[PDB]
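Engineer: Residue numbers (our numbering), protein chains in the order written: chain A, 21 to 498; chain B, 2 to 1201. Structure incoming, see below.
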Amino acid sequence: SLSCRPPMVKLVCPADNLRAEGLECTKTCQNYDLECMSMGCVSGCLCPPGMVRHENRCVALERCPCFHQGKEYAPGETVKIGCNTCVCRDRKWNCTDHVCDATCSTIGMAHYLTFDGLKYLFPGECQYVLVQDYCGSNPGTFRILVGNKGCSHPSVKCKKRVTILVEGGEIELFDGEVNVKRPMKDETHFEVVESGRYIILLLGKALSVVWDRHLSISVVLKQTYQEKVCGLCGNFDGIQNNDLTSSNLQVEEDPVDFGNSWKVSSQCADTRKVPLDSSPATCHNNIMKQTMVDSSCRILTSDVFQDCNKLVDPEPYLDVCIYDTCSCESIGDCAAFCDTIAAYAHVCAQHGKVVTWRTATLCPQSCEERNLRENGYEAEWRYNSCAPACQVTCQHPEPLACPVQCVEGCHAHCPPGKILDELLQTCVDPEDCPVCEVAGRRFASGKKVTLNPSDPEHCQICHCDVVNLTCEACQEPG
Amino acid sequence: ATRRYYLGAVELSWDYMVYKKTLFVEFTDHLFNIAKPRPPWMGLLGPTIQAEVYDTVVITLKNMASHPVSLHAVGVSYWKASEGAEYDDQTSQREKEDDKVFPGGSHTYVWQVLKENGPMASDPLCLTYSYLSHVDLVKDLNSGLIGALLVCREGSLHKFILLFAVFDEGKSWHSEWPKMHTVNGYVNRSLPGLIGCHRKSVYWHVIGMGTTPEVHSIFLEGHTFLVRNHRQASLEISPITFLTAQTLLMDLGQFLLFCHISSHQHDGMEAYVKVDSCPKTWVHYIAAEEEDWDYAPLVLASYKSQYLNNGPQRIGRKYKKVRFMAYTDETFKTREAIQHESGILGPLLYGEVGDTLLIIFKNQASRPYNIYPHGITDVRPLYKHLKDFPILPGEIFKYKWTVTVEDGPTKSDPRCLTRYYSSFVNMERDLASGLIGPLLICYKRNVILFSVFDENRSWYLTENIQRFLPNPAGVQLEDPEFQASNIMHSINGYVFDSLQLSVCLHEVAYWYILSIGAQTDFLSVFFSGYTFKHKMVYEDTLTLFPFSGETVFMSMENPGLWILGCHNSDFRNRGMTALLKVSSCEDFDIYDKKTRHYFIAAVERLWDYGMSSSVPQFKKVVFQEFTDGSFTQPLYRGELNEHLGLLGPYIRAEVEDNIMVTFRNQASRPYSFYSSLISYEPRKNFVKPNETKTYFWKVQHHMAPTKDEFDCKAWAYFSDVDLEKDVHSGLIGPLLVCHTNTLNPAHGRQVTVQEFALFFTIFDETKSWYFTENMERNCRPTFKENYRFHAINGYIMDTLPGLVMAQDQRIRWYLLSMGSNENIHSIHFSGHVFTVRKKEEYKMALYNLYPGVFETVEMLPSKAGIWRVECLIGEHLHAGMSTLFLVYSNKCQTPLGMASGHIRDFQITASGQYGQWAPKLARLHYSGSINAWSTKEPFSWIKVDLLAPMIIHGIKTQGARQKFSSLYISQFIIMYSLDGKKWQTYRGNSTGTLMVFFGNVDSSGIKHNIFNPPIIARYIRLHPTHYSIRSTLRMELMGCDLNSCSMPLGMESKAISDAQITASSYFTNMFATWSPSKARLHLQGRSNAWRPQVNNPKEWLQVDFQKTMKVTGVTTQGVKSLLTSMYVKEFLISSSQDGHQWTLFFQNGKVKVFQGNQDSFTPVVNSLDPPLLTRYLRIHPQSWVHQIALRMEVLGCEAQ
Ligand SMILES: *[C@@H]1O[C@H](CO)[C@@H](O[C@@H]2O[C@H](CO)[C@@H](O[C@@H]3O[C@H](CO)[C@@H](O)[C@H](O)[C@@H]3O)[C@H](O)[C@H]2NC(C)=O)[C@H](O)[C@H]1NC(C)=O
Ligand SMILES: *[C@@H]1O[C@H](CO)[C@@H](O)[C@H](O)[C@H]1NC(C)=O
Ligand SMILES: *[C@@H]1O[C@H](CO)[C@@H](O)[C@H](O)[C@H]1NC(C)=O
Ligand SMILES: *[C@@H]1O[C@H](CO)[C@@H](O)[C@H](O)[C@H]1NC(C)=O
Ligand SMILES: [Ca+2]
Ligand SMILES: [Ca+2]
Ligand SMILES: [Cu+2]
Ligand SMILES: [Zn+2]
């Protein structure tokens, strides 16, 4: 009755050894490298010795497919996920990969989206720890705190201040401006670039800050800090549901307590628990206003954002949009509405799906205010929904590792062979920039370059006055 | 259409020509006060229920008796709420009201006649069935609760119902007593009004009723019966039989309808039928001559000593018989050359339709005799009746026999009908004296007679006593031992292999086999090693009722010395056997002239007939399939063949294939492997213990089904060392022979249909080869009742497993019966009908199984649930001849609660765990730092303990991830159980000893593995064979309940019409319209839930299905609208049948409060432990969060 149709080899248990591997130990592309745990020998049909079994068919070992999310790939094929790319080789993924990263976002007036995708609402008026590495055993490298003033129920005139301490340097982001109160010890990797509507601050190899100059604060950290950071942005462990862990290593069920646990200054009063008001003042007892808010926020799931609905979760962004628009008197001039839509579009474009949603009817933007072609500025200011944020300029001649692929706003296109200058806001010759060059790296005037930071015998600090380069030996503290 | 019948079980006093009987009576109104008139010819029969193929029958049964009754119908289809029979079908108490109707109560049964229940193209205008009370089959049948059910073709709506019933007053409901053999409840020709038309043909819907195996032969004098366009001399009524007969009345006057069995002459199954207006000539000279006949010439002699050796009180072989002899001339001087084969038979008479037989008979014997044919009607003198006219010795008479049209075979019958002629002066005495001759009635020749000559009834007994015995004075005629030696069981007058027919190899032979004599039981005639073409189909065993003949066609392709006999043990051992001498005169898909090798052994095992489900254990011998020729590892029998029980392995083959069976006798006494299909080219088919034998042959067209019948045919194989004791010891098995390209090359079976082989027999442990050992082990006129088991495949009392089939698929049933004459089994599938194929297609619902015959039927189950296949013989069913089979639906495949939390944490266990990765976390989509079961050990297992047995259609497995590693189970096997003690590994469609499932390749992908055929279990168990790092599992069981009621009723799929949902009030404004018709589950949009205008605890949402449905669970869900999470947290449920009479769903005596949602997005399902049979459903919310909003989904099924 054990009729194995050829070329399938029949295996029958000796019934005496009681140790031979039978049919249970079927080899498969899934489990070729895995040890068999057999209770006892099973008799049955098997693929010939040179082949393994794949679903309902026998395939050669050289043609075993590699596996990925709900899919199979033939050997030699390539795939790309996140920051990494891999090739199918011996049922494995041989990867030529970079270092991935994740972004924690301050969405809306008082909404926080952690690195693990957890979104919560916390209308705290205190100054809180946005993200810090001081979590038990800590190296103590960076600490970013956020302070909100006016983000209560009358959140129309709210303001946010970002205080960043890194390598002994203090940076304050406020009123759409960046002030370096104390210079960092190593300024080689410290860069601040202004591209379009956004400002990108690189504060090291794995620390990036993105600001929309009004309300959107994004902290980009590489995966090396998967188990080193803590705060309002979570512990970066990859688990969404445990981001509500307080500073005392206790998970808080109420987000208000989790937010209050990371208070910096005890002078300010703690945020008390308030029942969730679904309809604020403008939307309270106003069906028409709520309908208008819902219709305005429905654009996040429209045809223009159709390609993004399969990549980025639209529920938290839609909730933030509704909550912010229900506090605005009018939708046309609602700054929070446009800022939330711009942040969502930026997130969508970070995955490769750029959406051109802006129009004169809804959140109009134009570059004609700065396109002073007749005023001696030889630059072409054009609006772009996603343009590179690390374009070479006089202030940034050396290419930089941009944390984001592209950003939205006005960019100054130049004639070929020219370089933009932000101080003069115009395109000039590449040699006209006040840029020095050392060790193959070009840096604008006023910048400090550190060579051999860990070698006292070769440590050098180089400065550029205008075009002359002056390098001095580093002073030994002792 | 719809037909209303008002039935009442009225308890009356009945006289057959005064006992107390309960009878179904038809009334006129629903008040059951006025009884509808019934014609006098019906008697004890209830009213005739006639239904067309597209009708529905509604019967209101009121129990006016002192005992419970019911209405169990045969032939029609119905739901479990109208079956009328009580057994372990796992239905609700609302579906149990049909089972018993206690006195004073009432019930309503609805029977649907479908296209499946209609007569086929070949079946007559109306199929015949019966309804009957089924509370206690023996008492209900013997009390008179039986009625006719005529299923006619559409447009069908003269004909008579005939109930040939043996009412045993000792087993009725009023017994707390003779057996009355009656026609429609009347005995001794007292049945009136049975009129018929002069020339018009009359249809008889014959129902034979009886609680004990008791066959009947029904003759109408001067008439024949057309059954399935086959001409027959009589009706062969089995104890429970449905058939349709057609009789062409031609002669005016009164004729007798009677049972011809001699032992039933005093019983009185007689009635009168009043018919009223509404060229070749053979010449034969035959003489009756007295002569000495040697019943066993050239035989050297125990049975042989008792029957053949002469002694002081033993006559011996020779007896003075009287015999018919053929003479060449009128002067009666020279006899024609006699043949050794014909034996005691007279000259063979032949006649075609319209031919005339000119018979000239001279009574040359010393006693008056006569000659008269059976089957031939027009018998006249050449120049009361000639039947009783005696011919004085020395006289000469001339008869003229005219073979008319109503005597010859039809185009469906064989070319020649086998009849006889004999003396009708004293039928039994003249027949026992030796006057019998063969007759052939053919349409425009090896005769074999199985005859029991009772010499004690012969007219020449005194002369034999005075001649062959030394002391005639010292002869005790009443001595049973002396009388036994005179009852000669012979073939053509030859006893103990004194007859040897020799036929040529590769020739065609017509055998006319006849069964006349003192025997009152049917005979199971067989030719060892030969299949023969009877009624246009190749069969193996011929069932011969007394006084009947059958024509058989066969080709003598099997050479050797074979034994022709009958499967009656006493007759076989009393010398009713004859000898028959035959001699010459690259990647590929695993699934997408050959020899089919098998390895069967005879093994000794303990068997308790399924009574463990002190219990006696009997040591039996069975056929056992092994993997290979070493016979050291038996082949595992899985889900598909678990129904076999005691039956042996399926030996499947096609035409032109080679069967090679290696048979090893591992038992304690010699056995054999015998099948009638084993061909050779005598032989000692005798396998000693610890010896092997190979049976190799080629399957030919005579071993296969014809082009008309089903794709496979079933044959029986068994041990032939002792045909009776070896069957009682448990040696029997199915051999399937199928058409070409009908078996799957990879699996070896026909996967288009699903096949089940049922073997019904009464095992008698007193007749087994191990009776002494069984008595010694167990026992440390009711003694034999404790050792007889009316089993199906060796199982009694609904304990046979494995009969699980899918709805709307085609099922092929191979039905076998083996044993003595008591094994006439009236096999019935409750609520289901099937088709049989001889040369046409016939629709049936009952089948009478005769020992040695392996029938094949095919059905299509339409209703889901647990049904019963039983034997309608009251005593066999009461002794436990029944079993349960489940018809599941593939549609009902719903989560079993692993992810929904319905399976609590105490129902999940495991061999162990690693850290805090508890087995209770092994749930699909479970999220967390520790979100799965996981163990750091090899050879683990995770067990889910479902609270009740249920159907498992598949399992959805999922791994998990740790800090940087993915953990999953790549390969696993599945075990399951119903009590937690015996674990049976899953096999399904596998080619090996278990089904191997493949698991996950990552930590998030859901791997869905199917169970087909499904699992029917209470416990399930997963054993990981391969795992990545640790055996981590997040699983989800997909399944259903036994009655297949767990699927949604059409809210999430929007199958419910928008006009079918309403409410007391709904909240609407200029923008949002929370209409009730938008409360469907998982509905996405604006105002996607029902919300009343005013929030109050007296609101309700009403769903109307416009038809009776069964609700078994309600799934509720909330909404999140305008950042407000509104959802009902507690609610109650009410039901109504018309919309204005509502009742709250109370549980345990008080109203049940259903726990709603904890969050608006996760649905929660509350299952009603008692099913709710309703048309109108209402949900009343009690506690609501932030508003009264509810999205609902009803779980259930359809009903009547
Ligand atoms: C195990 O074997 C059974 C039967 O051999 C398999 O079930 C059968 O699967 C076939 C699909 O190849 C089904 O046929 C389909 O039927 C539908 C409905 O009539 C028809 O529309 C399709 O065109 C197709 O013919 C068949 O119904 C089904 N029968 C049963 C009883 O399930 C099963 O899939 C096998 N499972 C495994 C895991 O091997
Ligand atoms: C992966 O590919 C590179 C380049 O083809 C090769 O050098 C290397 O051996 C491969 N395997 C691994 C494990 O890197
Ligand atoms: C019927 O006839 C039989 C014999 O002919 C007789 O013994 C019996 O008493 C009669 N009546 C009944 C009711 O059986
Ligand atoms: C048959 O063989 C078994 C072991 O294989 C042995 O125990 C038994 O005695 C043998 N029976 C015989 C030789 O009759
Ligand atoms: Ca986390
Ligand atoms: Ca029932
Ligand atoms: Cu029976
Ligand atoms: Zn009878």
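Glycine is no exception: its CB is placed at the ideal position from the N, C-alpha and C atoms.
So what's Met326(B) in DSSP terms, helix, strand or just coil?
Structural biologist: strand
Engineer: Does the CB of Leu138(A) have a neighbour CB from chain B at under 8 angstroms?
Structural biologist: no
Engineer: The alpha helix (DSSP H) with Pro275(A) in it runs from where to where?
Structural biologist: Per DSSP, the continuous alpha helix (DSSP H) segment holding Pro275(A) begins and ends at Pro275 to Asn280.
Engineer: Which runs of the beta strand (DSSP E), 3 residues or longer, sit entirely within the region 1147 to 1197 of chain B?
Structural biologist: 1165 to 1186
Engineer: List the whole-angstrom C-beta distance separating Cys86(A) from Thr98(A), where the pair is believed to meet the contact cut-off of C-beta under 8 angstroms.
Structural biologist: Not a contact, Cβ separation roughly 10 angstroms.
Engineer: What three-state label does DSSP hand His1024(B) in the structure shown?
Structural biologist: strand
Engineer: Any idea which residues DSSP pairs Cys417(B) with across the strands?
Structural biologist: In the DSSP output, where bridge partners are listed per residue, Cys417(B) has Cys443(B).
Engineer: Is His217(B) near ligand 7, going by C-beta to nearest heavy atom under 7 angstroms?
Structural biologist: Every heavy atom of ligand 7 is 7 angstroms or more from the Cβ of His217(B), so no.
Engineer: I need the boundaries of the alpha helix (DSSP H) containing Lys37(B), first residue and last residue.
Structural biologist: Run containing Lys37(B): none; DSSP gives neither H nor E here.
Engineer: Quick one: give me the first and last residue of the alpha helix (DSSP H) that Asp141(B) is part of.
Structural biologist: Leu138 to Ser144
Engineer: Provide the residue span of the alpha helix (DSSP H) that contains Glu429(B), from first to last.
Structural biologist: In the DSSP assignment, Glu429(B) falls within the unbroken alpha helix (DSSP H) covering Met428 to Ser434.
Engineer: Can you tell me the Cβ-Cβ gap for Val62(A) and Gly42(A), rounded? I've got them flagged as a contact below 8 angstroms.
Structural biologist: Their Cβ separation, rounded to whole angstroms, is 4 angstroms, which keeps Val62(A) and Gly42(A) in contact under 8 angstroms.
Engineer: Quick check: the Cα distance between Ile591(B) and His598(B), rounded to an integer number of angstroms?
Structural biologist: Near 21 angstroms, if we compare the C-alpha coordinates of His598(B) and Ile591(B).
Engineer: Any contact of the region 347 to 361 of chain B with the region 426 to 443 of chain B, i.e. 3+ C-beta pairs under 8 angstroms?
Structural biologist: yes
Engineer: Tell me the rounded alpha-carbon separation between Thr109(B) and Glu215(B).
Structural biologist: 34 angstroms
Engineer: Considering only heavy atoms of ligand 1, does any lie closer than 7 angstroms to the CB of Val888(B)?
Structural biologist: no
Engineer: Looking at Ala82(B) and ligand 6, is the gap between the Cβ and the nearest heavy atom below 7 angstroms?
Structural biologist: yes
Engineer: Below 8 angstroms between beta carbons: does that hold for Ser285(A) and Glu272(A)?
Structural biologist: In this structure, the beta-carbon distance from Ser285(A) to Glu272(A) does not fall below 8 angstroms.
Engineer: Could you tell me which of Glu177(B), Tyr204(B) and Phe168(B) sits nearest to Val188(B), measuring between CA atoms?
Structural biologist: Measuring from the Cα of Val188(B), the nearest candidate turns out to be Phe168(B).
Engineer: What are the start and end residues of each continuous beta strand (DSSP E) run of 3 or more residues lying completely inside the region 171 to 209 of chain B, in chain order?
Structural biologist: 180 to 184
Engineer: Helix or strand or just coil, what does DSSP make of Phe907(B)?
Structural biologist: The answer is helix: DSSP assigns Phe907(B) an H, G or I state.
Engineer: Cα separation between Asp799(B) and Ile339(B)?
Structural biologist: Cα to Cα, the separation comes out at about 58 angstroms.
Engineer: Roughly how many angstroms lie between the CA atoms of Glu407(B) and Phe226(B), to the nearest whole one?
Structural biologist: 9 angstroms
Engineer: Along the chain, where does the alpha helix (DSSP H) that runs through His877(B) open and close?
Structural biologist: Counting along the chain, the unbroken alpha helix (DSSP H) around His877(B) starts and ends at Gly875 to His879.
Engineer: For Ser58(A) and chain B, any beta-carbon pair shorter than 8 angstroms?
Structural biologist: yes
Engineer: Could you tell me which whole beta strand (DSSP E) segments of length 3 or greater appear in the region 92 to 148 of chain B?
Structural biologist: For the region 92 to 148 of chain B, whole beta strand (DSSP E) runs of length 3 or above, ordered along the chain, are 107 to 113 and 127 to 133.
Engineer: Taking just the CA atoms, how far does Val538(B) sit from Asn230(B)?
Structural biologist: 15 angstroms
Engineer: Report all residues for which the CB-ligand distance to some heavy atom of ligand 7 is below 5 angstroms; order them along the chain.
Structural biologist: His826(B), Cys872(B), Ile874(B) and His877(B)
Engineer: What is the chain-ordered set of residues for which the beta carbon lies under 6 angstroms from any non-hydrogen atom of ligand 3?
Structural biologist: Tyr17(B), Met18(B), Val188(B), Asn189(B), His267(B) and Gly269(B)
Engineer: If the cut is a Cβ gap below 7 angstroms, which residues of chain A does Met1071(B) touch?
Structural biologist: Within chain A, the residues near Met1071(B) are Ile307.
Engineer: Taking Cβ-Cβ distances below 8 angstroms as the criterion, which residues of the region 626 to 650 of chain B are in contact with chain A?
Structural biologist: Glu626, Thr628, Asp629, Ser631, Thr633, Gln634, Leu636 and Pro650
Engineer: Using a cut-off of 7 angstroms between C-beta atoms, extract the partners of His1009(B) located in chain A.
Structural biologist: Going along chain A, no residue has its Cβ under 7 angstroms from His1009(B), so there is no contact; the nearest lies around 12 angstroms.
Engineer: For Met181(B), which option in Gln233(B), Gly269(B) and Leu158(B) has the closest C-alpha, if you only look at C-alpha atoms?
Structural biologist: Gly269(B)
Engineer: Just to confirm, does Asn472(A) get its C-beta within under 7 angstroms of one of the non-hydrogen atoms of ligand 2?
Structural biologist: no
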